[PDB]
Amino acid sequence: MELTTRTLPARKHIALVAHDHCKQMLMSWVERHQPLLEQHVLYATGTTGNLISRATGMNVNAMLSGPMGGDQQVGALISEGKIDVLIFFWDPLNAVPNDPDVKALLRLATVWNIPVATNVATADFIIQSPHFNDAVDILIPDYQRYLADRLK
């Protein structure tokens, strides 16, 4: 598939998501990096988002709870180039009912080539990276040509 470029802005649109057993883990991480995160645009699934705004006082755009469709809402935003970073702490030790949604979301994040962290170590590596606070160009699939070839 042919590729094209997209610019991730200096102020990132970050999606924050965590399963219940990983919530306290995501909360700790968000709290120790708050000064930095307060500089970007935050999005989150329903429960996670409300817990964060409650604990940190930061402004978060909360979507629907994951099981109720929040996961796919974030997925759609990503496919629309509305999300630049995805922090998804899914539980690797307890199966969830929205497992397909979880896999679907990660699949799309892979496809659209945006930075993705599924654990703390990766999250720290990402936010400490130089281009986290600067604009940078990434290579994304050329959807227009992808679609055109589908209709030939």
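Note that residue numbering begins at 1 and tracks the sequence as displayed.
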>> Mean CA temperature factor from the deposited coordinates, higher in 134 to 142 or in 8 to 16?
In response: 134 to 142
> Quick one: higher average CA temperature factor, 88 to 96 or 64 to 72?
Replying inline: 88 to 96
> Highest Cα B-factor in the deposition, which of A44, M58, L106, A117?
Replying inline: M58
>> Highest recorded C-alpha temperature factor, please, choosing from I126, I52, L37, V111.
In response: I52
> What third of its chain, lowest, middle or highest, does the C-alpha temperature factor of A121 fall into?
Replying inline: lowest
>> What third of the chain does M27 rank in for C-alpha temperature factor, lowest, middle or highest?
In response: highest
